[PDB]
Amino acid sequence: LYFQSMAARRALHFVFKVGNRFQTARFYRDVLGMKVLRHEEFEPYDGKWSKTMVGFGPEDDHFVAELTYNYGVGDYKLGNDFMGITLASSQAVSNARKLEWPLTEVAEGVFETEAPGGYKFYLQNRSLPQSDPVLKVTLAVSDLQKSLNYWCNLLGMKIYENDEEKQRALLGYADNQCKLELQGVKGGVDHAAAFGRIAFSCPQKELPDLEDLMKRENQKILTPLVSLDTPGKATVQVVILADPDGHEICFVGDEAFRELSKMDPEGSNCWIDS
């Protein structure tokens, strides 16, 4: 009935598959200027793995990167599904130049770089005091109208920009949150092996409403309501969806997620090269 219309929605993070942890530490810490917020070790990949949340500040008020490492997996073929994270940091641009991390000005004051694995980061050469540098995540879509119907009419995001000519829309749950940019492409959306997942929270009571809505609307549920455990921390509940182009989406219950996502004060000891 009302899942599409509730106010309490928050963009959390994007999940990246990491093959090369040492170069990844160099990129996120020394180029971007991000820090480790929390790091956890867990005992289509079956073995040991680790999750490192990295960003510009606590997950309560920042959009962060979830870095996933599967022990024994050194490479993930990157498709054309993820088109970049855009952040405002002249310092990151300065860091790249000082470290000779390759970068290219691709639009006025916007410098394109790649994280290890090939994931695009667009660094706007400016500083925004008080606020999260992370501005948007861009994903490729095959049919923008279909994607808008799903992200706006079902998931309830609002439209900030809609450029019909360029087949590009900018969506968000609030003015102060990271935005999701949908960019129409020709040739199909290929997720290959490095595909990620974008996560949002909502009150836990609404998770079954989300599932009901997606069933009613004949949309894909990858994982029905399930509880996930993290050693020594709070158990959370998630529903995992796929959007019309197969992009993975996690909705997590916000109250438990806030307990889980407390920022660790000793995070920096957790970089692999520390």
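Just count from 1 along the sequence shown to find any residue number.
Novice: Per the record, how many residues of the deposited chain fall between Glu43 and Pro44 without being modelled: none, 1 to 3, 4 to 9, or 10 or more?
Specialist: Missing residues, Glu43 to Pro44: 4 to 9.
Novice: Of the two stretches 96 to 104 and 83 to 91, which shows the higher Cα B-factor on average in the entry?
Specialist: Looking at the record's C-alpha B-factors, the answer is 96 to 104.
Novice: Looking only at CA atoms, which has the higher mean B factor in the entry: 190 to 198 or 164 to 172?
Specialist: Result of the comparison: 164 to 172.
Novice: So if I compare the CA B-factors in the entry for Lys205, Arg38, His62, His247, which one is the largest?
Specialist: In this record, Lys205 carries the highest C-alpha B-factor of the candidates.
Novice: Name the one of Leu241, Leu32, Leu225, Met53 with the greatest CA B-factor according to the PDB entry.
Specialist: Of the options given, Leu225 has the highest CA B-factor in the PDB entry.
Novice: Sorting by Cα B-factor within the chain, modelled residues only, which third would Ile221 end up in: lowest, middle or highest?
Specialist: Its C-alpha B-factor belongs to the middle third of this chain's values.
Novice: Select lowest, middle or highest to describe the third in which the CA B-factor of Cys152 falls within its chain in this entry.
Specialist: Within its chain, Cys152 is a middle-third residue by C-alpha B-factor, going by the deposited values.
Novice: Would you please rank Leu67 by its C-alpha temperature factor against the other modelled residues of its chain and give the third it falls in: lowest, middle or highest?
Specialist: Ranked within chain, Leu67 CA B lands in the lowest tercile.
Novice: Determine, from the deposited record, the chain-internal third of the Cα B-factor for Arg21: lowest, middle or highest.
Specialist: According to the entry, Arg21 has a C-alpha B-factor in the chain's lowest third.
Novice: Looking at the temperature factor on the CA atom of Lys120, which third of the chain's modelled residues does it land in?
Specialist: According to the entry, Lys120 has a C-alpha B-factor in the chain's lowest third.
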